[PDB]
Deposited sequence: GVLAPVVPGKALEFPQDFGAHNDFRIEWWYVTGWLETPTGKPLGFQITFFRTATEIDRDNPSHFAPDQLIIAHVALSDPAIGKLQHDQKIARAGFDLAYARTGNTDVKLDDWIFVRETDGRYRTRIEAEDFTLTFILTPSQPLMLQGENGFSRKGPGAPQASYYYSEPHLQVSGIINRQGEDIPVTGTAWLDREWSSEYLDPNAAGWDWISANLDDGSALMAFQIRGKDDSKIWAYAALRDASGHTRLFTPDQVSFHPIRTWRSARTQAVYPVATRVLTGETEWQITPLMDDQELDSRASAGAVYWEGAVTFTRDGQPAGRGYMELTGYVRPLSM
């Protein structure tokens, strides 16, 4: 029901909780891990809600992945449930999100705990904030297209410290890491002339946080674009669509879907050039059989004007 309009200030801790009066809501976690041997792994977790004893009226959709270069492709799992019916089974509420056993919870102290038991791995993590949260756009009002209604309320928690345990092959391993949380809600999806989006975020080594995206038209026009850099002084610089562009360095073709992705790319935010290198090429996640789509969810490293800068994720949609 509820529209996204400017001049509405976010308030915390209230706006950590679900926004069940809106049509759509996202909880998106991306990060890098380190095992006891020093080996890196990437992971991501998505929950997405959109709006009777069996009828699919309100829905919670989720997917998870682990990126291990030793495997060379994702290990992933994906689920969807009807929400509103059995809050014990599937719900988005004041402190958590739950789909079957998959759960994501915010503690009173601000720490996130999550247990995600998938087919080939389990993630049991604590994600501990280290910085103030980062409002996107204009104090959380973040535009995603030229139309007046084409906007989201949107913030991020960058530089989440990761602790906890991954189970794989029935073997518990403790990990450390750093992660990023996006929180977005709206009553309108992207314009349907959009083929898809490209999104990146980066936990930069100096403490800075970067997020950017573009919306791709089916005609290969740039429907919209955005970026925000919060520097080590805590100042956020915002970039207009004019100032953000994407420039592939290298493409990879999926043998599963035949889609062709810019897995390595250069992203310009004003006069600053960020280069994105993938941990591995095949980070494609096909969730179509759980009412999803084919996404590239890949852990990537960033350089800035040619120097090492940090680590993060890149998500690419609408390439099939």
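- Comparing the deposited sequence with the modelled residues shows gaps at 1 to 2, 54 to 61, 331 to 335, with numbering starting at 1.
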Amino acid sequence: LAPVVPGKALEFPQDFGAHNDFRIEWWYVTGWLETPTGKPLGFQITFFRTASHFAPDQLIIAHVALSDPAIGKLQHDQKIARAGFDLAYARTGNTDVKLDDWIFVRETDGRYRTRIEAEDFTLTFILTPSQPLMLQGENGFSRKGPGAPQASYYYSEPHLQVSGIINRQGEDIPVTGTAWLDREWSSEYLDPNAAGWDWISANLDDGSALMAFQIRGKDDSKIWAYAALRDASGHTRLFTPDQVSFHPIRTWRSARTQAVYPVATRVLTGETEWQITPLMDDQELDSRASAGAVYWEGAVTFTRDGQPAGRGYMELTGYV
From here on, numbers count along this sequence of modelled residues.
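- Just going by the entry, 289 to 297 versus 53 to 61 on mean CA temperature factor gives the higher value to 53 to 61.
- The deposited model assigns a higher average Cα B-factor to 166 to 174 than to the other stretch when 166 to 174 and 76 to 84 are compared.
- Of the candidates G196, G140, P241, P146, the PDB record gives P146 the highest C-alpha temperature factor.
- The entry assigns its greatest Cα B factor, within the set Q214, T128, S187, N203, to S187.
- Sort the modelled residues of the chain by CA B factor and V29 lands in the lowest third.
- The PDB entry assigns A70 a C-alpha temperature factor belonging to the middle third of its chain's modelled residues.
- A232 sits in the highest third of its chain by CA B factor, as recorded in the PDB entry.
- Ranked by Cα temperature factor within the chain, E157 sits in the middle third according to the deposited record.
- Placement of the Cα temperature factor of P13 within the chain: highest third of the modelled residues, per the deposited record.
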